[PDB]
Structure formats: C-alpha cells, structure tokens
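For reference, upload.txt is printed below; it contains compact mmCIF, C-alpha atoms and all ligand atoms.
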# COMPACT_ATOMS: atom_id res chain seq x y z
CA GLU A 697 11.64 -22.61 -4.67
CA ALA A 698 11.55 -21.50 -8.34
CA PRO A 699 14.09 -19.25 -10.09
CA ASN A 700 13.35 -15.56 -9.87
CA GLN A 701 13.85 -14.36 -13.43
CA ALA A 702 12.60 -10.83 -12.75
CA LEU A 703 14.55 -8.49 -15.00
CA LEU A 704 16.31 -5.74 -13.04
CA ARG A 705 16.57 -2.70 -15.24
CA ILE A 706 19.29 -0.12 -14.75
CA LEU A 707 18.54 3.34 -15.99
CA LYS A 708 20.78 6.25 -17.04
CA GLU A 709 20.36 9.37 -14.88
CA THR A 710 20.09 11.29 -18.18
CA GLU A 711 16.76 9.53 -18.92
CA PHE A 712 14.97 11.73 -16.34
CA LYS A 713 13.60 15.26 -16.88
CA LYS A 714 11.63 17.65 -14.57
CA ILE A 715 12.22 16.44 -10.96
CA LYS A 716 10.26 18.20 -8.13
CA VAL A 717 10.39 16.89 -4.48
CA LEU A 718 7.43 15.17 -2.80
CA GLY A 719 8.55 13.67 0.48
CA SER A 720 11.37 14.21 2.92
CA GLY A 721 12.43 13.16 6.45
CA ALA A 722 13.46 9.82 8.00
CA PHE A 723 15.61 7.95 5.39
CA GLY A 724 13.08 9.21 2.82
CA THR A 725 13.38 11.74 0.04
CA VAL A 726 10.89 10.85 -2.67
CA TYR A 727 10.63 12.85 -5.87
CA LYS A 728 8.14 13.36 -8.68
CA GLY A 729 9.85 13.13 -12.09
CA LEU A 730 9.66 12.23 -15.77
CA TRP A 731 11.43 9.31 -17.41
CA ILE A 732 12.10 9.20 -21.12
CA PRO A 733 13.27 5.69 -21.98
CA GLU A 734 16.04 5.78 -24.60
CA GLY A 735 14.91 6.97 -28.00
CA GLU A 736 11.35 5.73 -27.50
CA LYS A 737 9.21 8.89 -27.78
CA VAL A 738 7.28 8.18 -24.53
CA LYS A 739 7.38 10.24 -21.32
CA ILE A 740 6.64 8.23 -18.15
CA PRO A 741 5.54 9.96 -14.94
CA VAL A 742 7.66 8.48 -12.15
CA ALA A 743 8.46 8.66 -8.44
CA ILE A 744 12.14 8.38 -7.44
CA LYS A 745 13.19 7.09 -3.97
CA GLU A 746 16.56 7.89 -2.38
CA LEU A 747 17.41 6.68 1.13
CA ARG A 748 18.94 10.11 2.02
CA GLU A 749 21.97 12.07 0.66
CA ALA A 750 24.57 10.22 2.86
CA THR A 751 25.32 7.08 0.81
CA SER A 752 26.43 5.15 3.98
CA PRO A 753 26.70 1.34 2.93
CA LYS A 754 24.08 0.26 5.54
CA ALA A 755 21.36 2.14 3.59
CA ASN A 756 22.15 0.53 0.21
CA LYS A 757 21.75 -3.02 1.45
CA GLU A 758 18.21 -2.07 2.63
CA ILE A 759 17.20 -0.23 -0.50
CA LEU A 760 18.49 -2.96 -2.75
CA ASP A 761 16.38 -5.51 -0.96
CA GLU A 762 13.39 -3.31 -1.56
CA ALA A 763 14.27 -3.10 -5.28
CA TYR A 764 14.62 -6.88 -5.41
CA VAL A 765 11.11 -7.29 -4.03
CA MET A 766 9.47 -4.46 -6.06
CA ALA A 767 11.11 -5.79 -9.20
CA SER A 768 9.60 -9.21 -8.52
CA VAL A 769 5.94 -8.27 -8.37
CA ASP A 770 3.46 -8.04 -11.19
CA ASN A 771 -0.15 -7.28 -10.44
CA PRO A 772 -2.53 -4.32 -10.72
CA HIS A 773 -2.83 -3.73 -6.98
CA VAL A 774 0.85 -3.79 -6.22
CA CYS A 775 3.44 -1.15 -7.26
CA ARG A 776 6.21 -2.30 -9.61
CA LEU A 777 9.82 -1.18 -9.83
CA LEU A 778 10.54 0.45 -13.15
CA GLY A 779 14.21 0.04 -12.47
CA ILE A 780 17.08 1.58 -10.61
CA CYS A 781 19.57 4.34 -11.18
CA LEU A 782 23.10 3.72 -9.85
CA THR A 783 23.90 7.38 -9.22
CA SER A 784 26.24 8.41 -6.40
CA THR A 785 23.55 6.96 -4.14
CA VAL A 786 20.95 4.30 -5.10
CA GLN A 787 17.63 5.44 -6.64
CA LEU A 788 14.44 3.36 -6.98
CA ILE A 789 12.11 4.34 -9.80
CA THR A 790 8.47 3.55 -9.95
CA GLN A 791 5.25 4.68 -11.51
CA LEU A 792 4.17 8.01 -10.07
CA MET A 793 1.02 7.56 -7.98
CA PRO A 794 -0.39 11.07 -8.62
CA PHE A 795 -2.90 11.32 -5.74
CA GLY A 796 -0.39 10.15 -3.16
CA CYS A 797 -0.73 7.95 -0.14
CA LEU A 798 -4.29 6.70 0.61
CA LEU A 799 -4.04 7.74 4.28
CA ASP A 800 -3.45 11.41 3.44
CA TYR A 801 -6.10 11.11 0.79
CA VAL A 802 -8.87 9.97 3.10
CA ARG A 803 -7.85 12.69 5.61
CA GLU A 804 -7.79 15.24 2.86
CA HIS A 805 -11.25 14.21 1.59
CA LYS A 806 -13.50 12.90 4.42
CA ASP A 807 -16.37 15.14 3.21
CA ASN A 808 -16.51 13.77 -0.34
CA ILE A 809 -15.59 10.05 -0.03
CA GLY A 810 -18.56 7.67 -0.24
CA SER A 811 -19.26 4.00 0.59
CA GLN A 812 -18.56 2.59 -2.88
CA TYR A 813 -15.03 3.95 -2.76
CA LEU A 814 -14.18 2.67 0.69
CA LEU A 815 -15.43 -0.79 -0.09
CA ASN A 816 -13.74 -0.88 -3.49
CA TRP A 817 -10.47 0.05 -1.87
CA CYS A 818 -10.85 -2.84 0.56
CA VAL A 819 -11.45 -5.12 -2.40
CA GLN A 820 -8.38 -3.83 -4.26
CA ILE A 821 -6.09 -4.08 -1.28
CA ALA A 822 -7.28 -7.63 -0.42
CA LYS A 823 -6.32 -8.37 -4.02
CA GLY A 824 -2.86 -6.86 -3.84
CA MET A 825 -2.37 -8.90 -0.70
CA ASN A 826 -3.70 -12.11 -2.14
CA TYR A 827 -1.32 -11.62 -5.00
CA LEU A 828 1.61 -11.39 -2.55
CA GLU A 829 0.42 -14.48 -0.78
CA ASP A 830 0.50 -16.44 -4.07
CA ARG A 831 4.07 -15.30 -4.67
CA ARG A 832 4.60 -16.17 -0.98
CA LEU A 833 5.52 -12.74 0.27
CA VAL A 834 4.74 -11.59 3.75
CA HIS A 835 4.51 -7.82 3.38
CA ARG A 836 5.13 -7.07 7.09
CA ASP A 837 4.14 -3.40 6.79
CA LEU A 838 0.58 -2.99 5.46
CA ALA A 839 -0.99 0.35 6.48
CA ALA A 840 -2.92 3.15 4.85
CA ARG A 841 0.39 5.05 4.68
CA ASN A 842 1.73 2.33 2.32
CA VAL A 843 -1.16 2.29 -0.11
CA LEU A 844 -0.92 4.67 -3.04
CA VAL A 845 -3.62 6.22 -5.23
CA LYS A 846 -3.16 6.01 -9.00
CA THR A 847 -6.67 7.48 -9.47
CA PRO A 848 -9.44 7.67 -6.77
CA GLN A 849 -10.63 4.39 -8.28
CA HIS A 850 -7.27 2.60 -8.40
CA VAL A 851 -5.11 1.76 -5.40
CA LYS A 852 -1.85 -0.22 -5.21
CA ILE A 853 0.19 -1.56 -2.34
CA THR A 854 3.70 -0.21 -1.97
CA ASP A 855 6.70 0.00 0.40
CA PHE A 856 8.39 -3.43 0.47
CA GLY A 857 11.08 -2.38 2.96
CA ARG A 858 10.14 -5.26 5.21
CA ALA A 859 8.73 -7.80 2.74
CA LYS A 860 10.05 -11.39 3.18
CA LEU A 861 9.37 -14.91 1.88
CA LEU A 862 7.23 -17.02 4.22
CA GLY A 863 9.44 -18.65 6.88
CA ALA A 864 12.61 -16.60 6.46
CA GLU A 865 14.03 -14.26 9.22
CA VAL A 876 8.83 -1.32 13.77
CA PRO A 877 5.04 -0.37 13.41
CA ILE A 878 3.51 -1.81 16.58
CA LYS A 879 -0.02 -0.57 16.21
CA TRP A 880 -0.44 -2.48 12.89
CA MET A 881 1.12 -5.68 14.11
CA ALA A 882 -0.51 -8.95 14.97
CA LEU A 883 0.00 -10.07 18.54
CA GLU A 884 2.26 -13.10 17.70
CA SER A 885 4.48 -10.58 15.92
CA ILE A 886 4.77 -8.32 18.91
CA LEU A 887 5.41 -11.18 21.29
CA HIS A 888 7.38 -13.61 19.17
CA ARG A 889 8.24 -11.87 15.92
CA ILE A 890 6.06 -14.52 14.25
CA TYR A 891 4.99 -13.21 10.85
CA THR A 892 2.68 -14.99 8.47
CA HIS A 893 0.25 -14.11 5.64
CA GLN A 894 -2.23 -14.24 8.51
CA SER A 895 -0.33 -11.58 10.45
CA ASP A 896 -0.63 -9.42 7.33
CA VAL A 897 -4.38 -9.94 7.59
CA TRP A 898 -4.24 -8.43 11.05
CA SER A 899 -2.66 -5.35 9.61
CA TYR A 900 -5.20 -5.43 6.82
CA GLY A 901 -7.84 -5.20 9.64
CA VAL A 902 -6.12 -2.06 10.90
CA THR A 903 -5.73 -0.62 7.43
CA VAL A 904 -9.50 -0.98 6.87
CA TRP A 905 -10.13 0.72 10.18
CA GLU A 906 -7.92 3.68 9.15
CA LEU A 907 -10.11 4.04 6.08
CA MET A 908 -13.53 3.70 7.83
CA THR A 909 -12.40 6.39 10.22
CA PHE A 910 -11.07 8.59 7.36
CA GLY A 911 -7.54 8.48 8.74
CA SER A 912 -7.69 8.11 12.48
CA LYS A 913 -4.58 7.06 14.31
CA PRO A 914 -4.97 3.57 15.80
CA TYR A 915 -4.98 3.72 19.63
CA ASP A 916 -4.45 7.44 19.54
CA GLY A 917 -2.74 8.44 22.76
CA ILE A 918 -1.74 4.93 23.92
CA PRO A 919 2.10 4.56 23.64
CA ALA A 920 3.49 1.69 21.60
CA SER A 921 4.99 -0.08 24.65
CA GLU A 922 1.53 -0.75 26.13
CA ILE A 923 -0.01 -2.17 22.98
CA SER A 924 0.71 -5.86 23.53
CA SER A 925 -0.59 -5.48 27.10
CA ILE A 926 -3.90 -4.01 25.89
CA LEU A 927 -4.12 -6.55 23.07
CA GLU A 928 -3.80 -9.39 25.59
CA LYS A 929 -6.58 -8.06 27.76
CA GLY A 930 -8.83 -8.64 24.67
CA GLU A 931 -9.07 -4.94 23.71
CA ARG A 932 -9.39 -3.95 20.05
CA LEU A 933 -10.02 -0.83 18.00
CA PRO A 934 -13.54 0.47 18.49
CA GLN A 935 -16.27 0.18 15.78
CA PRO A 936 -16.10 3.25 13.45
CA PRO A 937 -19.27 5.46 13.14
CA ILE A 938 -19.84 4.75 9.46
CA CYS A 939 -19.52 0.99 9.97
CA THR A 940 -22.37 -1.51 10.08
CA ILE A 941 -21.74 -4.45 12.34
CA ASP A 942 -21.24 -6.47 9.15
CA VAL A 943 -18.22 -4.51 8.14
CA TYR A 944 -16.94 -4.23 11.73
CA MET A 945 -17.30 -7.96 12.36
CA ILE A 946 -14.94 -8.49 9.45
CA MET A 947 -12.42 -6.11 11.02
CA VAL A 948 -12.76 -8.00 14.27
CA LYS A 949 -12.08 -11.44 12.71
CA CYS A 950 -8.81 -10.06 11.34
CA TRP A 951 -7.90 -9.61 15.03
CA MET A 952 -8.48 -13.09 16.50
CA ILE A 953 -5.70 -14.47 18.71
CA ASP A 954 -5.77 -17.71 16.69
CA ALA A 955 -4.12 -16.56 13.42
CA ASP A 956 -5.70 -19.54 11.58
CA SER A 957 -9.12 -18.29 12.58
CA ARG A 958 -8.54 -15.05 10.72
CA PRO A 959 -9.98 -14.43 7.24
CA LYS A 960 -7.86 -15.33 4.19
CA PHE A 961 -7.18 -12.55 1.76
CA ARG A 962 -9.21 -14.56 -0.79
CA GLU A 963 -12.17 -14.53 1.62
CA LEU A 964 -11.73 -10.83 2.19
CA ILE A 965 -11.97 -10.23 -1.54
CA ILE A 966 -15.23 -12.16 -1.80
CA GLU A 967 -16.86 -10.54 1.26
CA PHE A 968 -15.91 -6.98 0.36
CA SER A 969 -16.88 -7.65 -3.17
CA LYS A 970 -20.38 -8.78 -2.14
CA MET A 971 -20.67 -5.72 0.09
CA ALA A 972 -19.59 -3.39 -2.72
CA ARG A 973 -22.58 -4.45 -4.83
CA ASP A 974 -24.85 -2.78 -2.32
CA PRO A 975 -22.56 -0.23 -0.58
CA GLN A 976 -25.29 1.65 1.33
CA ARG A 977 -26.37 -1.49 3.18
CA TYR A 978 -22.89 -1.77 4.83
CA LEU A 979 -21.50 1.73 5.23
CA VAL A 980 -23.68 4.58 6.47
CA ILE A 981 -22.34 7.86 5.07
CA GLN A 982 -24.16 11.17 5.43
CA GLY A 983 -24.74 12.64 2.03
CA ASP A 984 -23.61 9.45 0.31
CA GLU A 985 -25.07 8.95 -3.19
CA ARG A 986 -24.25 12.54 -4.38
CA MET A 987 -20.43 11.97 -4.10
CA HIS A 988 -18.09 12.43 -7.11
CA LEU A 989 -14.25 12.34 -6.97
CA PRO A 990 -11.73 13.16 -9.82
CA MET A 1002 -0.67 16.89 -15.25
CA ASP A 1003 1.77 19.88 -15.39
CA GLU A 1004 3.25 20.29 -18.91
CA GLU A 1005 2.36 21.64 -22.34
CA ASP A 1006 4.03 18.60 -23.89
CA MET A 1007 1.73 15.77 -22.87
CA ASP A 1008 1.35 14.35 -26.41
CA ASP A 1009 3.67 11.50 -25.51
CA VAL A 1010 2.76 10.86 -21.91
CA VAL A 1011 2.16 7.20 -21.20
CA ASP A 1012 1.22 5.73 -17.91
CA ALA A 1013 3.64 2.99 -16.70
CA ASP A 1014 0.70 0.54 -16.68
CA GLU A 1015 0.58 0.91 -20.45
CA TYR A 1016 4.37 0.79 -20.72
CA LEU A 1017 5.41 -2.87 -21.08
CA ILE A 1018 8.71 -4.48 -22.06
CA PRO A 1019 9.01 -8.06 -23.53
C1 LIG A 1101 2.25 12.29 -5.26
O1 LIG A 1101 2.74 11.64 -4.04
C2 LIG A 1101 3.41 10.45 -4.18
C3 LIG A 1101 3.40 9.64 -5.34
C4 LIG A 1101 4.13 8.44 -5.36
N1 LIG A 1101 4.15 7.64 -6.43
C5 LIG A 1101 4.84 6.50 -6.42
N2 LIG A 1101 5.53 6.10 -5.37
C6 LIG A 1101 5.57 6.86 -4.25
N3 LIG A 1101 6.26 6.53 -3.13
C7 LIG A 1101 7.14 5.52 -3.13
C8 LIG A 1101 7.13 4.57 -2.09
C9 LIG A 1101 8.06 3.52 -2.13
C10 LIG A 1101 8.96 3.43 -3.20
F1 LIG A 1101 9.86 2.43 -3.28
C11 LIG A 1101 8.96 4.36 -4.23
CL1 LIG A 1101 10.08 4.20 -5.54
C12 LIG A 1101 8.05 5.41 -4.19
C13 LIG A 1101 4.85 8.06 -4.23
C14 LIG A 1101 4.85 8.86 -3.10
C15 LIG A 1101 4.13 10.04 -3.08
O2 LIG A 1101 4.13 10.84 -2.00
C16 LIG A 1101 4.90 10.24 -0.95
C17 LIG A 1101 3.98 10.48 0.22
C18 LIG A 1101 3.80 11.99 0.37
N4 LIG A 1101 3.32 12.21 1.73
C19 LIG A 1101 3.90 13.44 2.29
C20 LIG A 1101 3.26 13.63 3.69
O3 LIG A 1101 3.37 12.42 4.56
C21 LIG A 1101 3.03 11.12 3.95
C22 LIG A 1101 3.66 11.01 2.55
CL CL A 1102 3.48 2.51 15.80
Could you write out this structure as structure tokens?
Ligand SMILES: COc1cc2ncnc(Nc3ccc(F)c(Cl)c3)c2cc1OCCCN1CCOCC1
Ligand SMILES: [Cl-]
Amino acid sequence: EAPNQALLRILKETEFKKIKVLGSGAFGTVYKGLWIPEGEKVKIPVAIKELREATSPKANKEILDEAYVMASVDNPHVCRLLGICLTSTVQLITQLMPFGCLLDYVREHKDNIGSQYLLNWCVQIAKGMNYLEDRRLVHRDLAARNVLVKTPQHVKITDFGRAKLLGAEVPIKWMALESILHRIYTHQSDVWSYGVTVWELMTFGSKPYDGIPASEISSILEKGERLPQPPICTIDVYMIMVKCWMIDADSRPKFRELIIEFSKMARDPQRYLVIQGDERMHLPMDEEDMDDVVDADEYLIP
C-alpha cells in the first residue's frame, strides 16, 4: 500500500460565524455554518458534525476514523473533509450541501422530479463509487440517506462512518447477502447497496421492504425474493437493479459498467423511465454579505 499523504487540517473555532442546527438525534448533531479561513477574505458555507455533547472517548475514535477517510478522498461525487476543529468535543467540517440528503429530497419533490434527473443521479453516484473503488475503499453504507445534494444537478456521496480498505475487518435492508450471513464486504457488496439506492430513487423515497422486520431479511433474500419493480421503471432499468442483487457477487455489475449503462440511458431518458408530466419539469443563501461567498469546490489549497 502507498503512503497516505492527505493533509489533515485543524481549524480554530473562531474561524466559524453564523451556526444554525440542521440535524439531531442518534449520535448526530449536524449544523449549518460559515467558515472564514484566516485572513483570506472568503466565506465558505459549511456543515459541522459533532457526535453528541457527551465527549465520551468511544465516540472520538469513531469520528476520527471518519475524518481520516473523508480527508483522504478527492473527487466531484464524494464529499471532502475541510478539516477538523478540536473543541471540547471533536467537530468534522465539510462543504455545506444546501439541498440536503437526496432521500428527503426525492420525498419532498416527487411531483417535480423527471427522468433526466433520476438517471443523472445514478450516473453521478456510480462515479462516486467507482472513485472509491480505485482508492480501494469499501463504503459499507451506501443509501439515499447518505447522498447529499449540492444543487439538484450535483450529488455527492457522504457518511464514511463504516468505510474500510478492501480486505480489512447495521443497515440490513441495504446489505448484500454475503454481508448479512458472513460479514463479507467487497466493492461488489457496495454494488448491491447501489441497487437499493437506485430503487429508493425510482420509488421517490420508499422504504425497502416496508413492514418486513430486519431479522427476516436474510431469510427472504435466500428464498430468491427481491424488491419489486418500481412503477416508473422500464424493464431495462429494473433489470439493472436486479443484476446488482445476484447471489454470485462476481456476477454483479461493476461501478464502471453502471456508469456506462446509466450514461447511455440518460441520453434518451424517456425511453427508460416513464414519468407522468415529464418533459415540463424544472428544478432550482441567507445573508446580505455574500460578496465573498465561495463554494468549497472552488476553494483549493496547494
Ligand atoms: C442542508 O442539510 C444538510 C447539508 C449538509 N451538508 C454537508 N454535510 C451534511 N451532513 C454531513 C454528513 C456527514 C458528515 F461527516 C458531515 Cl461533516 C456532514 C449535511 C447534512 C444536511 O442535513 C443533514 C440531513 C438533514 N436531514 C434531517 C431529517 O432526516 C434526514 C437528515
Ligand atoms: Cl435497516
């Protein structure tokens, strides 16, 4: 393995400004904020992740692993760590993803999301994932809930809580069978969860195996049962979902294949997804001083 020269950047608590809350519950408490690097005359919209108030040592070992992973990734369809703040408790800082989690976003906008968007998202996520594969990370927690929306046209994979290097050492409904039965995890098991992620999108945010309790899942999945074909889905699109769910993990698509297929499909989006009222579908920030606002994507350091 090659040296990981990712630069971990530590940031003074005084570099943040306005800080409203966005997410609570579980370990979570995620805030919206503003980060003004040094004397640099840029304001950077940021999200800030604490693993609760109670700074109990167990939590910090988990959050620091996350930081290590997020600090190591560099690609447009994957969220990067801007740095950390060593306050009383540990804070992760990352580019604010203004439109939130993709899951909530599809739920929130069923009526105005069209085929081009859905297919483009699939393309972008297959890219994020192929990027991780190159850097040999197994994400282990791909789901619509862990995909964030920079703009309706730009999605990025986040939440590296469970990311690991291939061959190292619990959301059941997104997990490949080998993972549920043997804790085997591979790029190919990520593809399984990719399958499920796609299904969440094609159903505008349904819950996978709604009603069935997580303990039964591997039983069902052995019987040969899979998620049903979503209404908007041609067999072409659904057959791709289904291949993500083969028992033989090597018989599953590669993320590189997924990019190509979804890409082809996104050139003629009405031939693959049937959405009522499709074509006529158009989708789309809080301070007077916005002169100096720079997206993190345009904020680079040598
Ligand atoms: C405007 O909304 C967000 C922007 C975000 N921008 C960047 N990152 C977010 N989350 C996040 C995820 C993992 C991380 F390590 C860090 Cl540092 C941040 C963000 C989370 C955001 O909302 C968190 C999700 C809010 N919902 C609330 C309802 O239930 C699902 C989650
Ligand atoms: Cl679950």
What does the distance from CA of residue 985 in chain A to CA of residue 973 in chain A come to in Å, to one decimal?
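These atoms are spaced 13.7 Å apart.
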For a cut-off of 10 Å around (-17.3, 6.3, 11.8), file coordinates, pick out all residues using only C-alpha atoms and list them as an mmCIF file with C-alpha atoms, in the frame of the given file.
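Produced file out.cif, reproduced below:
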data_model
loop_
_atom_site.group_PDB
_atom_site.id
_atom_site.type_symbol
_atom_site.label_atom_id
_atom_site.label_comp_id
_atom_site.auth_asym_id
_atom_site.auth_seq_id
_atom_site.Cartn_x
_atom_site.Cartn_y
_atom_site.Cartn_z
ATOM 1 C CA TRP A 905 -10.130 0.720 10.180
ATOM 2 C CA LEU A 907 -10.110 4.040 6.080
ATOM 3 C CA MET A 908 -13.530 3.700 7.830
ATOM 4 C CA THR A 909 -12.400 6.390 10.220
ATOM 5 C CA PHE A 910 -11.070 8.590 7.360
ATOM 6 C CA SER A 912 -7.690 8.110 12.480
ATOM 7 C CA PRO A 934 -13.540 0.470 18.490
ATOM 8 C CA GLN A 935 -16.270 0.180 15.780
ATOM 9 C CA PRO A 936 -16.100 3.250 13.450
ATOM 10 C CA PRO A 937 -19.270 5.460 13.140
ATOM 11 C CA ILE A 938 -19.840 4.750 9.460
ATOM 12 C CA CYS A 939 -19.520 0.990 9.970
ATOM 13 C CA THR A 940 -22.370 -1.510 10.080
ATOM 14 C CA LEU A 979 -21.500 1.730 5.230
ATOM 15 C CA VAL A 980 -23.680 4.580 6.470
ATOM 16 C CA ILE A 981 -22.340 7.860 5.070
#
Test item: residues no farther than 6 Å from ligand CL 1102 (chain A), counting all atoms listed in the file, as a ChimeraX atom specification
/A:877-879,920
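Between residue 774 in chain A and the residues A:916, A:855, A:906, A:931, the shortest atom-to-atom distance, using all atoms listed in the file, involves A:855.
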Return as AutoDock Vina command-line options the centre and edge lengths, in Å with one decimal, of the box along x, y and z that encloses every atom of ligand LIG 1101 (chain A) in the file, padded by 6 Å per side.
--center_x 6.2 --center_y 8.0 --center_z -0.9 --size_x 19.8 --size_y 23.2 --size_z 23.0
Mind running chain A against ligand LIG 1101 (chain A) at 7 Å and telling me each contacting residue's nearest atom pair with the distance in Å (one decimal), counting all atoms listed in the file, chain and number ascending, as a tab-separated table?
residue	atom	partner	partner_atom	distance
A:718	CA	A:LIG1101	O2	5.5
A:719	CA	A:LIG1101	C19	5.0
A:726	CA	A:LIG1101	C16	6.3
A:728	CA	A:LIG1101	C3	6.9
A:742	CA	A:LIG1101	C5	6.7
A:743	CA	A:LIG1101	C5	4.7
A:744	CA	A:LIG1101	CL1	5.0
A:745	CA	A:LIG1101	CL1	4.5
A:762	CA	A:LIG1101	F1	7.0
A:777	CA	A:LIG1101	CL1	6.9
A:788	CA	A:LIG1101	CL1	4.7
A:789	CA	A:LIG1101	CL1	4.7
A:790	CA	A:LIG1101	CL1	4.7
A:791	CA	A:LIG1101	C5	5.4
A:792	CA	A:LIG1101	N1	3.7
A:793	CA	A:LIG1101	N1	3.5
A:794	CA	A:LIG1101	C1	4.4
A:795	CA	A:LIG1101	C1	5.3
A:796	CA	A:LIG1101	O1	3.6
A:797	CA	A:LIG1101	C17	5.4
A:800	CA	A:LIG1101	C21	6.5
A:841	CA	A:LIG1101	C21	6.7
A:844	CA	A:LIG1101	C4	6.7
A:854	CA	A:LIG1101	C9	5.7
A:855	CA	A:LIG1101	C9	4.5
Take CA of residue 859 in chain A and CA of residue 711 in chain A and report the distance between them in Å, one decimal.
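Between these atoms lies a distance of 28.9 Å.
Distances here use all atoms listed in the file; by that measure, the residue among A:862, A:763, A:918, A:883 closest to residue 953 in chain A is A:883.
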In file coordinates, which residues lie within 12 Å of (6.8, 9.7, -24.5) using only C-alpha atoms, given as number ranges by chain?
A: 711-713, 730-741, 1006-1013, 1015-1016
Quick one: write out the picked residues with C-alpha atoms as an mmCIF file, in the coordinates of the input?
data_model
loop_
_atom_site.group_PDB
_atom_site.id
_atom_site.type_symbol
_atom_site.label_atom_id
_atom_site.label_comp_id
_atom_site.auth_asym_id
_atom_site.auth_seq_id
_atom_site.Cartn_x
_atom_site.Cartn_y
_atom_site.Cartn_z
ATOM 1 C CA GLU A 711 16.760 9.530 -18.920
ATOM 2 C CA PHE A 712 14.970 11.730 -16.340
ATOM 3 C CA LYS A 713 13.600 15.260 -16.880
ATOM 4 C CA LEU A 730 9.660 12.230 -15.770
ATOM 5 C CA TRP A 731 11.430 9.310 -17.410
ATOM 6 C CA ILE A 732 12.100 9.200 -21.120
ATOM 7 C CA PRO A 733 13.270 5.690 -21.980
ATOM 8 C CA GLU A 734 16.040 5.780 -24.600
ATOM 9 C CA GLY A 735 14.910 6.970 -28.000
ATOM 10 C CA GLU A 736 11.350 5.730 -27.500
ATOM 11 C CA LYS A 737 9.210 8.890 -27.780
ATOM 12 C CA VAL A 738 7.280 8.180 -24.530
ATOM 13 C CA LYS A 739 7.380 10.240 -21.320
ATOM 14 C CA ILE A 740 6.640 8.230 -18.150
ATOM 15 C CA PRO A 741 5.540 9.960 -14.940
ATOM 16 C CA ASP A 1006 4.030 18.600 -23.890
ATOM 17 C CA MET A 1007 1.730 15.770 -22.870
ATOM 18 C CA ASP A 1008 1.350 14.350 -26.410
ATOM 19 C CA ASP A 1009 3.670 11.500 -25.510
ATOM 20 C CA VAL A 1010 2.760 10.860 -21.910
ATOM 21 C CA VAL A 1011 2.160 7.200 -21.200
ATOM 22 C CA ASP A 1012 1.220 5.730 -17.910
ATOM 23 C CA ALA A 1013 3.640 2.990 -16.700
ATOM 24 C CA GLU A 1015 0.580 0.910 -20.450
ATOM 25 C CA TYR A 1016 4.370 0.790 -20.720
#
Proximity to residue 786 in chain A - best of A:970, A:823, A:949, A:748, only C-alpha atoms
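Smallest distance to residue 786 in chain A is found for A:748.
Each of A:895, A:903, A:820, A:925 was checked against residue 966 in chain A using only C-alpha atoms; the smallest atom-to-atom distance is that of A:820.
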Counting only C-alpha atoms, the residue of A:885, A:785, A:816, A:725 that sits nearest residue 848 in chain A
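Going through A:885, A:785, A:816, A:725 one by one, the smallest distance to residue 848 in chain A is for A:816.
Minimum atom-to-atom distances from A:983, A:990, A:917, A:901 to residue 958 in chain A were compared using all atoms listed in the file, and the lowest value belongs to A:901.
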Can you tell me, as a PyMOL selection string, what residues are no more than 8 Å from residue 892 in chain A when counting only C-alpha atoms, ignoring any on the same chain fewer than 2 positions away?
chain A and resi 834+862-863+890+894-896
List the spatial neighbours of residue 765 in chain A as a PyMOL selection string - criterion: any atom at most 10 Å away, only C-alpha atoms, same-chain residues fewer than 6 positions off excluded.
chain A and resi 702+759+776-777+833+835+855-861
Need the shell around residue 750 in chain A: protein/DNA/RNA residues with any atom at most 12 Å away, counting only C-alpha atoms. Skip same-chain ones fewer than 4 positions apart. Format as a list in words?
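My list of contacting residues is residues 723, 724, 725, 746, 754, 755, 756, 784, 785 and 786 of chain A.
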Quick one: distance from CA of residue 815 in chain A to CA of residue 943 in chain A in Å, one decimal?
9.5 Å
Using all atoms listed in the file, determine which residues lie at most 9 Å from residue 813 in chain A, disregarding the query and same-chain residues fewer than 2 positions distant; provide the list as a VMD selection string.
chain A and resid 809 to 811 815 to 818 848 to 849 972 975
